[PDB]
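To keep things clear, I will list the structure first and then write my remarks on it.
Reconstructed Cβ throughout: ideal geometry from the backbone, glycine too, with neighbour counts over all protein chains shown. Each answer follows from the model by the rule given with it, or from the source it names; no laboratory instrument gave them.
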Amino acid sequence: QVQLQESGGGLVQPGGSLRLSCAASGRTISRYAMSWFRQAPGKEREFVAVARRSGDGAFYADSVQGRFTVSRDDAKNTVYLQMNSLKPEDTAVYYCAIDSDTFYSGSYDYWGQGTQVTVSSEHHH
Amino acid sequence: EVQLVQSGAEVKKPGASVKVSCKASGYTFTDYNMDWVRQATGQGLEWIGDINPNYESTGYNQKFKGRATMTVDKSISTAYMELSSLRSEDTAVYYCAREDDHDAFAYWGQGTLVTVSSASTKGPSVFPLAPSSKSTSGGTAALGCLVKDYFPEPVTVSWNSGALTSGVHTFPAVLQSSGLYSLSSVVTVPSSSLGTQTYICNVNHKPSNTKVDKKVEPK
Amino acid sequence: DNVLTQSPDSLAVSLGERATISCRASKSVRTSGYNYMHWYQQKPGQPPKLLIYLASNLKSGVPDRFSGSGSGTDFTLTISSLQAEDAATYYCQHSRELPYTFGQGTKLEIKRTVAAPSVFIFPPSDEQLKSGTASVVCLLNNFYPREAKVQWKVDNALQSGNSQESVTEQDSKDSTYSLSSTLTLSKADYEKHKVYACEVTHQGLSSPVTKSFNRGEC
Amino acid sequence: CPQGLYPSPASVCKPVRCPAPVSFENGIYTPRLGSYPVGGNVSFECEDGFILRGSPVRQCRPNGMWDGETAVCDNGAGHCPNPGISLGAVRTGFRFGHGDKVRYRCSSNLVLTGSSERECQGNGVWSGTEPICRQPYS
Ligand SMILES: *[C@@H]1O[C@H](CO[C@@H]2O[C@@H](C)[C@@H](O)[C@@H](O)[C@@H]2O)[C@@H](O)[C@H](O)[C@H]1NC(C)=O
Ligand SMILES: [Ca+2]
Ligand SMILES: [Cl-]
């Protein structure tokens, strides 16, 4: 029974940068890949990035390659998503999920409730 | 300019013996040992032993328990490896390999497949993997051939006598519990071609001297 | 015997970037001022090719983006700028004593973006069914990375022990993989059931996807 | 041919090579090659319980001969020392008590120089001299 909690959402302007964090409790996640997904309203949930075990690499979706970076702090039981060069189409609820399969087949059995990222000029002066 | 040329593939029952040859050219044969190395398919490399052609003296990996015997014929610049009391776990590609002055394997034969199994040589049955709405995505459709129940490896699969190459995926064979191999070859084509264009998979199994052409068409 | 352990067992590197592979020997391979460790490249269908001898010396004709370092029990092979022709399995080998032994191999592949599989399914042919056997084939096309799970269901009952799967090598054009899973049943079992399905899991999928057919058009 | 090469005819000039050990009892040698280049070295090591006598590292010289003294791993339980096996030679006899003999022969096409047979004398010494296998050339 793993519990995940995302944080770091907020309002950011186009071209801006933002860092999300996903903290795990109830299990050490160092053995497991951790993935980020996102869901915009009226669209299906989209893969963003995966941080495999330290030394096994990070992999990205085409839509975010070059702009987003996933990393992990195994001591803190936390994974991160650094986002740069943000676009309005990046507006979404961002979710983290743990891959229960240590052989990396993508058995995503536990998910966080998500954190909202809104890319907009409306609240920046 | 150095070349090591090995004898061809072998198929053996358990308990039998096999003798692989390795013809050397392009250097003075007695300047160097000849070594033998094997590799089980998908697995790592295992040194078997060596022979000094000057003396016909030998060294062996103890793990082979004296089952391996190496000899040479200096008059034809050929080394031989004989492995007796064969087991299924001796199924592998066998290489002759020649050291350089740093004791690294600078030169390698092409490899010799030795298959050890109670199975007997048998050509494949070839069945169509018909295109349908369940193999369609966008304007493209997948179709294929299932090449089932042959022994030993290998089989070669072509499409339209080699006239079709783009989009082909021929999968590695799997060994079934029967001791016979099976593989599939698939190809992605335009959905609009399926009414006008014929698709034929050409299967060649040289160990049984079998050739089978199967026309794959929609259901 | 000296045991050579390579790490990682596999790695994905982007074109142009540095790739580093390690080899740790259980016993030192250093004697007489030389490190008797050598590195090889192997591609499918070919014997290994010597790249580096005595830990750090490039064999003639090998590109100089390859280099080796280390001494004693610790060694590394480095490709300073990965090129498409460098995708291969790499092996270390010692020549300190007999038996000569090799590392287990490190598979170096080309990194690309994640791609979830396209999933297709094929019923058995009528010709095969006449012979008493039914093979049902599930095809996962053009996905990345390689790791995936296929599970078969027959009339919504999970299957086990009656399927085998096989994966291609990385595609030369788009650097993806494809996978086939084959479910084998008797004719009698195939004709007793209606719905044949393969469920597919992959790190690029938020939920498993299922592809299925209903025996006899529908 | 110049130094370090020998003619294929009596007169292409092929490189000289020093002979490898036919065997090396109760030890190993590194690198383990079929023959050795001029300037190359071979290093000898003994198993547990044995004494390494002779030269532990030997270099191949331009006339096809090794420098130093023949290496041997000798446990020491004999009236005479282990006489060893000169590189290129074969030795029959695995006893070194008083009166026991050993016979030598050069394998391949090497030329034997020295005593083909030796006897373990009473004072803990081998009779005659040590055979040395020369290349046919030079
Ligand atoms: C062979 O050895 C010659 C003598 O060098 C000594 O022995 C070697 C084994 C090392 O321990 C070295 O440090 C010693 O000084 C060398 O002059 C000669 O170059 C060596 N040949 C090689 C290494 O190919
Ligand atoms: Ca060698
Ligand atoms: Cl990593």
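Looking at (1) under 30 Å from C:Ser212 (Cα atoms); (2) more than 7 Å from every other protein chain (Cβ to nearest Cβ), find the lone condition where C:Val114 falls short.
Among (1) under 30 Å from C:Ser212 (Cα atoms); (2) more than 7 Å from every other protein chain (Cβ to nearest Cβ), the lone unmet condition for C:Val114 is (2).
Condition test on C:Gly70, is it farther than 19 Å from C:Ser175 by Cβ, in a strand (DSSP E or B) and not assigned by TED's automatic domain parsing to the domain that holds C:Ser172?
So C:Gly70 fits the description; yes.
Need at least 3 residues that are under 17 Å from D:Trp126 (Cα atoms) and more than 14 Å from every other protein chain (Cβ to nearest Cβ) per element, so show me which strands (runs of 3 or more DSSP E) inside segment D:52-110 make the cut, counting only ones lying wholly within it.
Qualifying strands (runs of 3 or more DSSP E): D:72-74, D:101-106.
Taking the condition of being buried (at least 22 other Cβ atoms within 10 Å of the Cβ) and either away from ligand 1 (no atom under 16 Å from the Cβ) or not small (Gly, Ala, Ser) (or both), how many residues in segment C:90-105 meet it?
11
Select the strands (runs of 3 or more DSSP E) contained entirely in segment B:117-205, then report the ones holding at least 2 residues which are more than 20 Å from C:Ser166 (Cα to Cα) and either more than 10 Å from chain C (Cβ to nearest Cβ) or of a type in the set (A, V, I, L, M, F, W, C) (or both).
B:181-190, B:199-205
Does D:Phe44 meet the test of being within 14 Å of another protein chain (Cβ to nearest Cβ) and surrounded by 15 or more Cβ atoms within 10 Å (Cβ to Cβ)?
Spelling it out, D:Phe44 is indeed within 14 Å of another protein chain (Cβ to nearest Cβ) and surrounded by 15 or more Cβ atoms within 10 Å (Cβ to Cβ).
Does B:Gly15 qualify as being away from ligand 2 (no atom under 16 Å from the Cβ) and either in a loop (DSSP other than H, G, I, E, B) or closer than 27 Å to C:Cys92 by Cβ (or both)?
yes
Considering only segment A:24-82, how many residues are of a type in the set (D, E, K, R), in a strand (DSSP E or B) and either surrounded by 14 or more Cβ atoms within 10 Å (Cβ to Cβ) or away from ligand 3 (no atom under 15 Å from the Cβ) (or both)?
3
Can you tell me which residue within segment C:87-97, out of those that are in contact with a strand residue (DSSP E or B) (Cβ under 6 Å, 6 or more places away or on another chain) and at the interface with chain B (Cβ under 10 Å from one of its Cβ atoms), is nearest to D:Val42 (Cα to Cα)?
The selected residue is C:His94.
Evaluate segment D:32-51: report whether one residue or more is among the aliphatic types (A, V, I, L, M), more than 16 Å from ligand 1 (Cβ to nearest atom) and not in a loop (DSSP other than H, G, I, E, B).
Within segment D:32-51, one or more residues are among the aliphatic types (A, V, I, L, M), more than 16 Å from ligand 1 (Cβ to nearest atom) and not in a loop (DSSP other than H, G, I, E, B).
Quick test for you: out of C:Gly45, C:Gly68, pick the one residue that is crowded, with 17+ Cβ neighbours inside 10 Å and away from ligand 1 (no atom under 16 Å from the Cβ).
The unique qualifying residue is C:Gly68.
Condition first: small (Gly, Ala, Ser), under 17 Å from the mean Cα position of the chain (by Cα) and either buried (at least 20 other Cβ atoms within 10 Å of the Cβ) or within 14 Å of chain C (Cβ to nearest Cβ) (or both). Can you find one or more residues in segment B:103-112 that meet it?
Checking segment B:103-112: at least one residue is small (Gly, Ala, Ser), under 17 Å from the mean Cα position of the chain (by Cα) and either buried (at least 20 other Cβ atoms within 10 Å of the Cβ) or within 14 Å of chain C (Cβ to nearest Cβ) (or both).
Which ones in segment B:31-60 are in contact with a helix residue (DSSP H, G or I) (Cβ under 7 Å, 6 or more places away or on another chain) and either acidic (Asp, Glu) or more than 28 Å from C:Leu4 (Cβ to Cβ) (or both)?
B:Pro53, B:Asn54
Within segment B:93-102, restricting attention to residues that are assigned to a strand (DSSP E or B) and facing another protein chain (nearest Cβ under 7 Å), which residue is nearest to ligand 2 (Cβ to nearest atom)?
Checked segment B:93-102; the qualifying residue nearest to ligand 2 (Cβ to nearest atom) is B:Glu99.
Would you mind telling me which numbered condition in (1) buried (at least 20 other Cβ atoms within 10 Å of the Cβ); (2) more than 7 Å from every other protein chain (Cβ to nearest Cβ); (3) among the basic types (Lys, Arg) C:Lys130 fails?
Of everything listed in (1) buried (at least 20 other Cβ atoms within 10 Å of the Cβ); (2) more than 7 Å from every other protein chain (Cβ to nearest Cβ); (3) among the basic types (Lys, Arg), C:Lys130 misses just condition (1).
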